[PDB]
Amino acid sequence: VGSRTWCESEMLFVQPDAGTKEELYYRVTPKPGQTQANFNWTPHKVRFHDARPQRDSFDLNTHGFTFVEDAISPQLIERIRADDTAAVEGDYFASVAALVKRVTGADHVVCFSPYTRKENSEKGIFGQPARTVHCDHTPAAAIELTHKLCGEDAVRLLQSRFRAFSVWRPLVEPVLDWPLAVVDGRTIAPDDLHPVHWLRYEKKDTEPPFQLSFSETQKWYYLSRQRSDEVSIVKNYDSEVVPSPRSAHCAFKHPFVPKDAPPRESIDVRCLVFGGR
């Protein structure tokens, strides 16, 4: 079940054969009598390798994720846990953009779609830890978001280095239960990827994310006891041919944490990233 540097748990995947017929969709809040989806989630046991002993070795080009030290003030953290929207869209966005610029050297970073999560929250499923394995954007979705956020400039930006990240930070520390797991992007096979339309509304309203199916080839990691000063950057899209075009991520129930541990709290923000290395 566990050893010094790994543990075992489960996550929700899609079937390897999902989406070979029609487009997959999942309704977030289906009405009575409405069909919720044309596929089922399937749990699979996964071995989670602790990234802690090799923390500084993981790289956004090689692995599709990286961990970076970046302390923020206790007051910004309490403002965020208080759902202070102005603190998120102002101070925290600025913090994330600046962090991403240190890490990559990018010329331009655009933050969007922040989600503050709390273990079995009341703000719905996007305010709760993610239980299905996903990559936030397909290429089409990343391209669409660049047009939507960057206007005219997109015609030039989309032809050089373009990346999209999820930037994830614990708001209570250390994280014990429901840690964010990330996969070595070199171990994702193209057939593991399944676009799924998340219907927040009656109709498709954006381009979709990828949901993953399980494979024994996938090498899954987690950073044990992650602190509020330790930020996970998880790559959802990259225009450059690098060993990991993307990673994928999801939370899992940790087998060795006490039942009565406090709820996990975190904030994640997506970012479009232009230029850099």
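In this text, residue numbers run from 1 along the sequence as written.
- Stretches 63-71 and 27-35 differ in mean CA B factor, with 27-35 having the higher one.
- Look at the mean CA B-factor for 151-159 and for 124-132 in the entry; the higher one is 151-159.
- Highest C-alpha temperature factor among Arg186, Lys118, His194, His108 per the entry: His108.
- The top Cα temperature factor in the record, among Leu145, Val175, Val167, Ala82, falls on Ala82.
- Annotation for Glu10: C-alpha temperature factor in the lowest third relative to the rest of the modelled chain, per the entry.
- Split the chain's modelled residues into thirds by C-alpha temperature factor. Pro190 is in the highest one.
- Among the modelled residues of the chain, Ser113 sits in the middle third by CA temperature factor in this PDB entry.
- In the PDB entry, a CA B factor belonging to the middle third of its chain's modelled residues is recorded for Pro139.
- Placement of the Cα temperature factor of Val182 within the chain: lowest third of the modelled residues, per the deposited record.
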